[PDB]
C-alpha cells in the first residue's frame, strides 16, 4: 500500500518566509504614524488584503486614518523588503532529500511569476526547486483556491493528482490541492505566520497537520517516498 507518487509544494509559508516580513513592514510604517499593532493582528487581518480593505479595517477597528503618504511609503518599503525573504527552516533539506530519492515534485504558487522566482532566488532555493515551478499564468490566471494549478503541476510531472500529496499552510492553498483530488498535508512551521491554523486545516480535510520539515520528512518516509531515519 503506497499512497503517493509525487509531492506538490506551496511556496509562501512552506518553502519561503515572506508573510512575516510583510507583517513587519505594516507594523513599522503604522508605528511611525502613531498606531502600534502587534504582529499577530497584522498577519491575521492585513495580509493578502487590498489596500482599501486595510484602510476600512483601520478605521473600523482602530478609529485610525493614515496620513496622505501612506500608500507611497508602503510600496517603497514592501519593495526594499522582498530582498529579505528567507528559506523556511528545513525546507532546503526536504527538497534535497526528495531529489536524492528521485521523487517527482512541483511548486504551485499564486505569486506573479517574477516575484515567485525572486523569492526562490533570495531564499537560496532556486537550484533545489528545479524545473517544475508554476504560477497562475500557466493556467490562465485561475489560481488557488481553484484546483487548476495543482491539476496542471501533477500533469506536468506525469502523475495523477489523486496520487499526489499537497503541502500547504492555508485554506486557500489546501482547498486548491483537495479540489484537484490530491491528499492534503498541512504544514504549519511555528514562528512564521500562516493564513489559517491547524483546526481549520483539519476541518477542511487535511489528512494530517505537520509542524516542521523534519516532521514532514518522517511522514513522507512512512508513506514510502523517503527512507525512514
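Residue numbers count along the first chain shown, from 1.
Higher average CA B factor: 77-85, of the stretches 77-85 and 150-158. As recorded in the PDB entry, 206-214 is the stretch of 206-214 and 7-15 with the greater mean C-alpha temperature factor. Of the candidates 98, 71, 92, 133, the deposited coordinates give 71 the top C-alpha B factor. Ranked by C-alpha B-factor against the other modelled residues of its chain, residue 38 falls in the middle third. Ranked by C-alpha B-factor against the other modelled residues of its chain, residue 183 falls in the middle third. When the modelled residues of the chain are ordered by C-alpha B-factor, residue 31 sits in the highest third. In the deposited entry, the Cα temperature factor of residue 194 sits in the bottom third of values across the chain's modelled residues. In this PDB entry, residue 129 carries a Cα temperature factor that places it within the middle third of its chain's modelled residues.
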